[PDB]
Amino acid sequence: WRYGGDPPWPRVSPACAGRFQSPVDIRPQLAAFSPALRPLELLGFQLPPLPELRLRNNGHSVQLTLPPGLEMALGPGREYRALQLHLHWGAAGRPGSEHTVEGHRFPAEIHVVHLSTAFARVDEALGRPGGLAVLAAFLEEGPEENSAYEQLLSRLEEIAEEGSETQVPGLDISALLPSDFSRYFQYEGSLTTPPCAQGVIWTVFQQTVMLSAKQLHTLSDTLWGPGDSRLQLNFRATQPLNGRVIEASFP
(Lines of atoms letter the chains of each structure in order from A and count residues from 1; the text may use other names and numbers.)
(Lines give C-alpha, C1' and ligand atoms only; values in the text may rest on other atoms or scores of the structure.)
Protein backbone atom coordinates (compact mmCIF):
# COMPACT_ATOMS: atom_id res chain seq x y z
CA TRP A 1 0.00 0.00 0.00
CA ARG A 2 0.96 3.61 -0.73
CA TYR A 3 -0.29 7.23 -0.73
CA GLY A 4 -1.68 8.46 -4.08
CA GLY A 5 -1.67 5.13 -5.98
CA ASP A 6 -3.19 1.62 -5.84
CA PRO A 7 -3.89 -0.89 -4.40
CA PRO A 8 -7.22 0.55 -3.05
CA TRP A 9 -6.91 0.50 0.77
CA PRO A 10 -10.16 -1.55 1.35
CA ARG A 11 -8.64 -4.35 -0.82
CA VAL A 12 -5.60 -4.31 1.54
CA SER A 13 -7.60 -4.08 4.79
CA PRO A 14 -11.48 -4.31 4.87
CA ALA A 15 -11.55 -2.07 8.00
CA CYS A 16 -10.47 0.89 5.79
CA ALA A 17 -14.11 0.95 4.56
CA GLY A 18 -15.55 1.51 8.07
CA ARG A 19 -17.97 4.37 8.82
CA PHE A 20 -15.84 5.79 11.70
CA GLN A 21 -12.44 6.55 10.13
CA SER A 22 -9.70 9.09 10.81
CA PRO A 23 -8.51 11.72 10.29
CA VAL A 24 -11.30 14.31 10.53
CA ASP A 25 -12.02 18.06 10.28
CA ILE A 26 -12.32 19.49 13.79
CA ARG A 27 -15.01 22.21 13.83
CA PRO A 28 -14.52 23.77 17.30
CA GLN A 29 -18.05 25.26 17.18
CA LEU A 30 -19.69 21.78 16.88
CA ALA A 31 -17.54 20.26 19.66
CA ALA A 32 -19.01 19.29 23.02
CA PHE A 33 -17.30 20.85 26.05
CA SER A 34 -16.96 17.98 28.52
CA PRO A 35 -15.61 18.98 31.99
CA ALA A 36 -14.79 15.29 32.72
CA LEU A 37 -11.78 15.54 30.35
CA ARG A 38 -8.85 16.10 32.74
CA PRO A 39 -5.21 17.04 31.84
CA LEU A 40 -3.18 14.29 30.14
CA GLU A 41 -0.47 12.69 32.31
CA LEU A 42 2.79 11.31 30.86
CA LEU A 43 5.30 9.26 32.86
CA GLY A 44 8.74 8.13 31.68
CA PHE A 45 8.96 10.26 28.52
CA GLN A 46 12.24 11.88 29.69
CA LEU A 47 14.60 9.32 28.20
CA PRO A 48 18.39 9.22 28.78
CA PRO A 49 20.83 9.00 25.78
CA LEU A 50 21.26 5.21 26.17
CA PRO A 51 19.79 2.98 25.12
CA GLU A 52 19.50 4.41 21.59
CA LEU A 53 16.17 4.32 19.66
CA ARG A 54 15.49 3.01 16.13
CA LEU A 55 14.52 5.70 13.59
CA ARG A 56 13.23 4.32 10.33
CA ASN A 57 12.05 5.45 6.90
CA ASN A 58 9.32 2.84 6.28
CA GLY A 59 8.45 4.48 2.90
CA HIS A 60 5.23 5.99 4.39
CA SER A 61 6.65 8.08 7.29
CA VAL A 62 9.64 8.54 9.59
CA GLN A 63 9.05 6.37 12.66
CA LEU A 64 10.79 6.46 16.05
CA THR A 65 10.39 3.20 17.99
CA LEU A 66 9.86 3.97 21.69
CA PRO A 67 11.21 1.82 24.57
CA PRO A 68 9.22 0.16 27.42
CA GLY A 69 7.99 2.15 30.39
CA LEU A 70 6.45 5.27 28.71
CA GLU A 71 3.06 5.52 30.48
CA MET A 72 0.13 7.74 29.54
CA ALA A 73 -3.28 8.28 31.21
CA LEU A 74 -6.27 9.85 29.36
CA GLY A 75 -7.84 10.05 32.80
CA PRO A 76 -8.47 7.89 35.93
CA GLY A 77 -8.44 4.18 34.99
CA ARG A 78 -7.64 4.88 31.27
CA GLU A 79 -3.95 3.94 31.12
CA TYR A 80 -1.75 3.45 28.02
CA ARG A 81 1.88 2.67 27.01
CA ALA A 82 3.76 4.41 24.17
CA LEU A 83 4.90 2.24 21.22
CA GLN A 84 6.14 4.58 18.51
CA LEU A 85 5.81 8.10 17.15
CA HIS A 86 5.88 9.34 13.55
CA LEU A 87 5.01 12.33 11.36
CA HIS A 88 2.80 13.38 8.47
CA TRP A 89 3.95 16.26 6.23
CA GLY A 90 3.37 18.14 2.99
CA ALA A 91 5.75 19.55 0.35
CA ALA A 92 7.12 23.00 -0.62
CA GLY A 93 4.37 25.54 0.23
CA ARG A 94 1.71 22.79 0.53
CA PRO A 95 0.57 21.82 4.09
CA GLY A 96 0.28 18.13 5.04
CA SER A 97 -1.28 17.56 8.49
CA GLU A 98 -3.95 14.83 8.72
CA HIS A 99 -6.48 16.55 10.93
CA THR A 100 -7.82 19.90 9.76
CA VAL A 101 -9.44 22.67 11.83
CA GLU A 102 -12.40 24.37 10.06
CA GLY A 103 -10.91 23.30 6.74
CA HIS A 104 -7.39 24.63 7.57
CA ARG A 105 -4.57 22.09 7.05
CA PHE A 106 -1.40 22.73 9.08
CA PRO A 107 2.20 22.20 7.77
CA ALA A 108 2.74 18.81 9.49
CA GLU A 109 1.53 16.55 12.33
CA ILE A 110 3.07 14.28 15.00
CA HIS A 111 1.42 11.03 16.19
CA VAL A 112 2.37 9.20 19.42
CA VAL A 113 0.74 5.71 19.22
CA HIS A 114 -0.16 3.93 22.50
CA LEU A 115 -1.51 0.50 23.56
CA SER A 116 -4.06 0.08 26.35
CA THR A 117 -2.51 -1.64 29.39
CA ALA A 118 -5.49 -4.07 29.30
CA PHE A 119 -3.90 -5.62 26.21
CA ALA A 120 -0.55 -7.42 25.93
CA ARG A 121 -0.42 -7.46 22.12
CA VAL A 122 -1.39 -4.97 19.46
CA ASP A 123 -3.21 -7.64 17.38
CA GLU A 124 -5.69 -8.23 20.26
CA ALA A 125 -6.18 -4.46 20.73
CA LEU A 126 -6.95 -3.69 17.06
CA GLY A 127 -10.65 -2.88 16.49
CA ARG A 128 -11.47 -3.13 20.22
CA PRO A 129 -12.94 -0.10 22.10
CA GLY A 130 -10.13 2.06 23.51
CA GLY A 131 -7.54 -0.60 22.51
CA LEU A 132 -5.22 2.03 20.98
CA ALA A 133 -4.86 5.76 21.61
CA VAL A 134 -2.99 8.29 19.47
CA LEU A 135 -1.81 11.70 20.73
CA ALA A 136 -1.65 14.20 17.87
CA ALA A 137 -0.14 17.69 17.65
CA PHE A 138 0.05 20.14 14.75
CA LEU A 139 3.43 21.51 13.74
CA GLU A 140 3.45 25.11 12.47
CA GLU A 141 6.09 27.51 11.15
CA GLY A 142 7.71 29.60 13.89
CA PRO A 143 10.67 32.06 14.01
CA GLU A 144 12.89 29.89 16.25
CA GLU A 145 14.56 26.56 15.53
CA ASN A 146 12.95 23.79 17.64
CA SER A 147 15.88 22.02 19.28
CA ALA A 148 13.95 18.93 20.45
CA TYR A 149 12.95 18.31 16.80
CA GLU A 150 16.49 19.10 15.54
CA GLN A 151 17.73 15.87 17.21
CA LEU A 152 15.50 13.89 14.83
CA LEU A 153 15.56 16.13 11.72
CA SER A 154 19.39 16.24 11.65
CA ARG A 155 19.36 12.42 11.28
CA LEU A 156 16.93 12.23 8.32
CA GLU A 157 19.74 12.43 5.71
CA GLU A 158 21.12 9.06 6.96
CA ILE A 159 17.76 7.39 6.21
CA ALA A 160 16.94 9.12 2.91
CA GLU A 161 16.66 5.69 1.26
CA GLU A 162 13.24 4.03 1.64
CA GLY A 163 13.27 1.17 4.15
CA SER A 164 16.46 2.44 5.87
CA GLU A 165 17.02 2.93 9.61
CA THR A 166 19.54 4.39 12.05
CA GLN A 167 19.95 4.45 15.84
CA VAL A 168 19.59 7.83 17.64
CA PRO A 169 20.18 8.90 21.29
CA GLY A 170 17.19 8.94 23.66
CA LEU A 171 15.58 12.34 24.23
CA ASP A 172 12.75 14.11 26.01
CA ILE A 173 9.87 12.70 23.95
CA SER A 174 7.41 15.04 25.71
CA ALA A 175 9.38 18.05 24.38
CA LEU A 176 8.15 17.06 20.88
CA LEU A 177 4.62 17.79 22.15
CA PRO A 178 2.91 21.04 23.31
CA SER A 179 3.27 22.13 26.98
CA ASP A 180 -0.53 22.61 27.43
CA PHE A 181 -1.83 19.10 28.31
CA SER A 182 -5.22 20.41 29.53
CA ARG A 183 -6.68 21.81 26.28
CA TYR A 184 -7.50 19.15 23.67
CA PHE A 185 -10.12 17.65 21.39
CA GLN A 186 -11.00 13.93 21.77
CA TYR A 187 -12.95 11.60 19.43
CA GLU A 188 -13.17 7.89 18.54
CA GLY A 189 -11.82 6.95 15.11
CA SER A 190 -9.37 4.72 13.26
CA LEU A 191 -5.77 4.26 12.15
CA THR A 192 -5.26 6.58 9.17
CA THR A 193 -3.37 3.93 7.23
CA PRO A 194 -4.06 0.19 6.83
CA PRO A 195 -5.10 -1.81 8.68
CA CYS A 196 -7.40 1.23 9.46
CA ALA A 197 -8.73 -0.47 12.60
CA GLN A 198 -11.49 1.39 14.48
CA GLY A 199 -11.88 1.73 18.28
CA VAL A 200 -8.94 4.20 18.38
CA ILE A 201 -9.07 7.14 20.82
CA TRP A 202 -7.67 10.32 19.25
CA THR A 203 -6.55 13.22 21.43
CA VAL A 204 -5.71 16.33 19.38
CA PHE A 205 -3.95 19.15 21.27
CA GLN A 206 -5.22 22.71 20.80
CA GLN A 207 -1.74 24.22 21.32
CA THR A 208 0.63 23.73 18.34
CA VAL A 209 4.36 23.04 18.14
CA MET A 210 6.59 25.50 16.25
CA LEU A 211 9.39 24.50 13.85
CA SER A 212 11.57 26.81 11.69
CA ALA A 213 10.98 27.03 7.94
CA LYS A 214 14.30 25.23 7.47
CA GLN A 215 13.21 22.37 9.79
CA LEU A 216 9.90 22.05 7.95
CA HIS A 217 11.85 21.92 4.65
CA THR A 218 14.24 19.29 6.08
CA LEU A 219 11.25 17.07 7.04
CA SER A 220 9.49 17.47 3.69
CA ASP A 221 12.51 17.37 1.35
CA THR A 222 14.97 14.73 2.71
CA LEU A 223 13.25 11.31 2.48
CA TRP A 224 12.48 9.07 -0.50
CA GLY A 225 9.49 6.75 -0.81
CA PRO A 226 8.27 3.98 -3.17
CA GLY A 227 9.37 4.35 -6.81
CA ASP A 228 11.73 7.14 -7.85
CA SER A 229 9.46 9.28 -5.59
CA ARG A 230 9.91 11.78 -2.76
CA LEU A 231 8.19 11.06 0.54
CA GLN A 232 5.84 14.02 0.68
CA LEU A 233 2.11 14.64 1.14
CA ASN A 234 1.98 11.49 3.34
CA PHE A 235 -1.53 12.17 4.68
CA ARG A 236 -4.96 10.62 4.19
CA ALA A 237 -8.00 12.57 2.96
CA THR A 238 -10.30 13.98 5.65
CA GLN A 239 -13.04 11.52 6.67
CA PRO A 240 -16.67 12.38 7.61
CA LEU A 241 -17.66 12.37 11.26
CA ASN A 242 -20.80 10.41 10.27
CA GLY A 243 -22.62 11.50 13.44
CA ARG A 244 -19.67 11.25 15.86
CA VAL A 245 -19.31 14.21 18.26
CA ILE A 246 -15.81 15.56 18.95
CA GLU A 247 -15.46 16.41 22.65
CA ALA A 248 -13.32 19.32 23.94
CA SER A 249 -11.65 19.61 27.38
CA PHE A 250 -12.24 23.40 27.46
CA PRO A 251 -15.29 25.75 26.91
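Residue numbers here begin at 1 and follow the sequence given.
On average the C-alpha atoms of 89 to 97 have higher B-factors than those of the other stretch, with 109 to 117 and 89 to 97 being the two compared.
Note on 48 to 56 vs 206 to 214: mean CA B-factor is higher in 206 to 214. Ranked within its chain, residue 235 lands in the middle third, by CA B factor from the PDB record.
Residue 227: CA B factor in the highest third of modelled residues in this chain (values from the PDB entry). Placement of the Cα temperature factor of residue 33 within the chain: highest third of the modelled residues, per the deposited record. In the PDB entry, residue 123 places in the highest third of its chain by CA B-factor.
For residue 182, the recorded CA B-factor ranks within the highest third of the chain. Only modelled residues enter the ranking.
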